[PDB]
Structures are given as C-alpha cells and as structure tokens.
Amino acid sequence: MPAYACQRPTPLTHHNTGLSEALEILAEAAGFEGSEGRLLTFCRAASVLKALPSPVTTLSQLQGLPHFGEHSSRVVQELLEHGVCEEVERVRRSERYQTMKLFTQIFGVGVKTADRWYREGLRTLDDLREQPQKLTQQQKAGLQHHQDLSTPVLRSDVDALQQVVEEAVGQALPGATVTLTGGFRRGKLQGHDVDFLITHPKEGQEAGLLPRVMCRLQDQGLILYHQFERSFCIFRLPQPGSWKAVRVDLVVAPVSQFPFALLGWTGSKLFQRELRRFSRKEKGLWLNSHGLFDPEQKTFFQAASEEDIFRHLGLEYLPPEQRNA
DNA sequence: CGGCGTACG
DNA sequence: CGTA
DNA sequence: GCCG
Ligand SMILES: [Br-]
Ligand SMILES: [Br-]
Ligand SMILES: [Cl-]
Ligand SMILES: [Cl-]
Ligand SMILES: [K+]
C-alpha cells in the first residue's frame, strides 16, 4: 500500500465505510481545534481504508499500512471489538464539535469565525440570526439558504443546470465549453455542490469571460448570491412546482491550462493535497491548477491531458472515479 | 525533529 | 477573513 | 498523528 493517496485507486464506495467514517470524525475535530497535522493523518488513515480491497476484520491487517500508528489503530481496534469507539462518541456528543460543525456548514463561515462565535457563547443558527450585525453579506446568504444547502442535489439536477449554464456561456462567448468537475465527475450520484470548468478552444478568447457569464446568469434570474476566474455562487435550481438553492462553482481556464484545471477541480480535496505534496516532495515539481513548474529549469510542463500529467509525475493514471480519497 | 496544497475572491 |  |  503506497503512502500517498495519489498512488492508489480510491473508489467512491468501498469495504471499510464505518471505520473510515470514525476516523474522519476525529480528523474533523482536529481541524476544529486548529491541529492540521492530526487532521491530515486521520484523513490519510481513513483514505487508506477506502483503498483496501476488502473489509478489515482483525487488527493484524493494519500492520504495515501507512498512516496507522498507535492512535488510529486503537480506534479501529475498539470499533472491531465493541462496535463503537469511546473517543469518537465523546467527540460526536460534545457541544464544541456539534456547534463547530453546524457553524462551519454555513457558506462564508470557516473554523476561525466559528470558533470566535463559539467563544462568544453562540450555539445555534437562531443565535446568529438574532445578531445580524455580526454577519458579512456572504454569511447572511449562507445562513438564509442553509436549509436548502444542507440537502443534496442529484445528478439529474446537475445535468439540467449544466444546460442552463451552457446557454449563458454560449451567448457570452460562442464556442466556449462547459465541463462538469468536482464530486459528480468522480461518480457521485448525490452531492452538495456542483463545479463547472469553462474554456474556449482559441487560447486567449477566454479572457474576461467569467463576468460576462455571471451577468447573463444574473439576468436570467438564476443567481441567488454571488460576489475574475472563479465564482462561488448560490444558484436557483428548479424543483417540482418550486425551486431550491444550490451551491455552484464556476471556473474559467485558458485551454493551455485546461488539463491542470480539470485535474485540480475534479478533486477530491484530499486527493489534490496528496498529489501536490507528492509532486513537490517526491518529484521536486510544483503543481497547481494552472500548471506544473520545474524550479530548477524554471520551466512549465505543457500538458495536453490529465494522462500527460500523471505520466510526467511518474504515477499510474487514475480516472476521476478512482480519485475519491 | 520539520512538515503537513496552493492557489483565487 | 472567505472559497476550492 | 504520523512519516521520513
Ligand atoms: Br484533459
Ligand atoms: Br490552484
Ligand atoms: Cl497538529
Ligand atoms: Cl510531507
Ligand atoms: K463554510
């Protein structure tokens, strides 16, 4: 079992779901306390279990697995022996965890803001609504739309939405294309946001495109909230006899960068962090969603495909549905 | 022990 | 600070 | 918390 998540296929559904969920509770709780290293270890350990070919039934099966040490192994041991891990349950029922989780679900609210509100004594969404002086306009929109944004969108919704986005994009710039990225490209049937990547086959024609797209979507009445090359929005999505708010991200890239942007926005979040860590630490190359830089030659690798990028990093190709780290 | 994605709004 |  |  290789040490980086980008070195191993990770499917969306797997054979260790309960174990991985428990470790991800501990990862989440570490992040709420600002312990990013511990968050990464617990996330990586969870992802190792997602990549295994069969269920873990005995503690011996953890021997030699990367990112399993004393703590993660004890968590698994307790789940295997008793069906529950006391540490995980203590986290689940703690006021700190429950409130930090609730607050960081709000669009516009990160750990730092949530922690500040927690220390100020706030605990519920209504607590925040009663103090609107404390909220940015972004947080006000996230709070108003929180209920809708808590419910998953289906792939059928995504497809109808893509058609709406494509019409606006085609008026903004004929020939420009829209590609579905994010979790739905990785095979999810349900999800909580929708990601689209926009480009044009003629290098440079995409300059200035995103404002033109947003203005047209706004004119069509589809934008419930928006604040360039990335737009993090709340869209109005049709529902039987009504509608609901959905989180939608729109990104523009020049076609020369499209393989890097697609690889970037397809995720998963942990996959991306692991891939960029691997690139820098193992290959000495600096990766982002624009390109791949050799700091010794001071050159950029001109990729024509995601397959090109994996080859250049010396990795076996992973299709998007095996990037669910 | 140091390191832990790398950007953009 | 927030977003991915 | 774990790797190297
Ligand atoms: Br590609
Ligand atoms: Br980036
Ligand atoms: Cl830490
Ligand atoms: Cl590292
Ligand atoms: K948030």
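Both backbone and side-chain heavy atoms feed into the values below; hydrogens, waters and symmetry mates do not. Proteins get letters first, then strands, A, B, ... in listed order; numbering begins at 1 in each.
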Starting from [atom2] on [N], measure out to [atom1] on [X] and report it in whole angstrom.
X: A:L197; N: C:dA4; atom1: CG; atom2: P; answer: 16 Å
X: A:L39; N: D:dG1; atom1: CG; atom2: P; answer: 12 Å
X: A:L65; N: D:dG1; atom1: CG; atom2: P; answer: 18 Å
X: A:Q138; N: B:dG9; atom1: CD; atom2: P; answer: 13 Å
X: A:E87; N: D:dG1; atom1: CD; atom2: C1'; answer: 11 Å
X: A:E282; N: D:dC3; atom1: CD; atom2: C1'; answer: 10 Å
X: A:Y4; N: D:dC3; atom1: OH; atom2: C1'; answer: 9 Å
X: A:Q137; N: B:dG9; atom1: CD; atom2: P; answer: 20 Å

Determine: side-chain N/O of A:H67 to OP1/OP2 of D:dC2, distance under 4.0 Å, yes or no.
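Looking at the OP1 and OP2 atoms of D:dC2, neither is under 4.0 Å from any side-chain N or O of A:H67.
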Side chains of A:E282 and A:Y4, donor plus acceptor under 3.5 Å
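Yes - a donor-acceptor pair under 3.5 Å links their side chains.
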Under a 3.5 Å cutoff, is there a donor and acceptor pairing between the side chains of A:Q257 and A:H290?
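Per modelled atom types, A:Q257 and A:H290 side chains form a pair under 3.5 Å.
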Could you go through nucleotides 3-7 of chain B and list every protein N or O atom that sits under 3.5 Å from one of its N or O atoms, giving the distance for each pair?
from: B:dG3; atom 1: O3'; to: A:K281; atom 2: NZ; distance (Å): 3.1
from: B:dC4; atom 1: OP1; to: A:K281; atom 2: NZ; distance (Å): 2.8
from: B:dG5; atom 1: OP1; to: A:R273; atom 2: NH2; distance (Å): 3.0
from: B:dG5; atom 1: OP2; to: A:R273; atom 2: NE; distance (Å): 3.0
from: B:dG5; atom 1: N2; to: A:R273; atom 2: NH2; distance (Å): 3.4
from: B:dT6; atom 1: OP1; to: A:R280; atom 2: NE; distance (Å): 2.7
from: B:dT6; atom 1: OP1; to: A:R280; atom 2: NH2; distance (Å): 3.0
from: B:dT6; atom 1: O4'; to: A:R276; atom 2: NH1; distance (Å): 3.2
from: B:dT6; atom 1: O2; to: A:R276; atom 2: NH1; distance (Å): 3.1
from: B:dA7; atom 1: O5'; to: A:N288; atom 2: ND2; distance (Å): 3.1
from: B:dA7; atom 1: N3; to: A:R230; atom 2: NH1; distance (Å): 3.2

Across the strands shown, which category fits A:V109 at heavy-atom distances under 4.0 angstrom: base, sugar-phosphate, nothing?
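A:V109: backbone/sugar contact only, no base atoms under 4.0 Å.
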If you look at every strand shown and take non-hydrogen atoms under 4.0 Å, does A:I106 touch a base, only sugar-phosphate, or nothing?
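It contacts sugar-phosphate atoms only.
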Test item: A:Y97 and A:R90 side chains (from C-beta on) under 4.5 Å apart, heavy atoms:
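Of all side-chain heavy-atom pairs linking A:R90 with A:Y97, none is under 4.5 Å.
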State whether A:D294 and A:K283 are salt-bridged, where the test is any N-O pair (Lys NZ or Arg NE/NH1/NH2 against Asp/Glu carboxylate O) under 4.0 Å.
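Not counted as a salt bridge, because no side-chain N and carboxylate O are separated by less than 4.0 Å.
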Name the one of A:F260, A:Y317, A:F301 that satisfies ring pair (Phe, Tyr, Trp, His ring centres under 6.0 Å) with A:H312?
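That would be A:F301; it is the only one of A:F260, A:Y317, A:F301 passing the ring pair (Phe, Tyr, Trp, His ring centres under 6.0 Å) with A:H312.
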Would A:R96 pass as a cation-pi partner of A:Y118, given that its NZ or CZ must be under 6.0 Å from the six-membered ring centre and within 45 degrees of the axis?
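A:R96 over A:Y118 ring: yes.
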Is there a donor-acceptor pair closer than 3.5 Å between any side-chain N or O of A:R236 and the backbone N or O of A:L224?
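Pair absent, no side-chain N/O of A:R236 close to backbone of A:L224.
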Expressed as a whole number of Å, how far does the P atom of D:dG4 sit from that of B:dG5?
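Here D:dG4 and B:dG5 have their P atoms 15 Å from each other.
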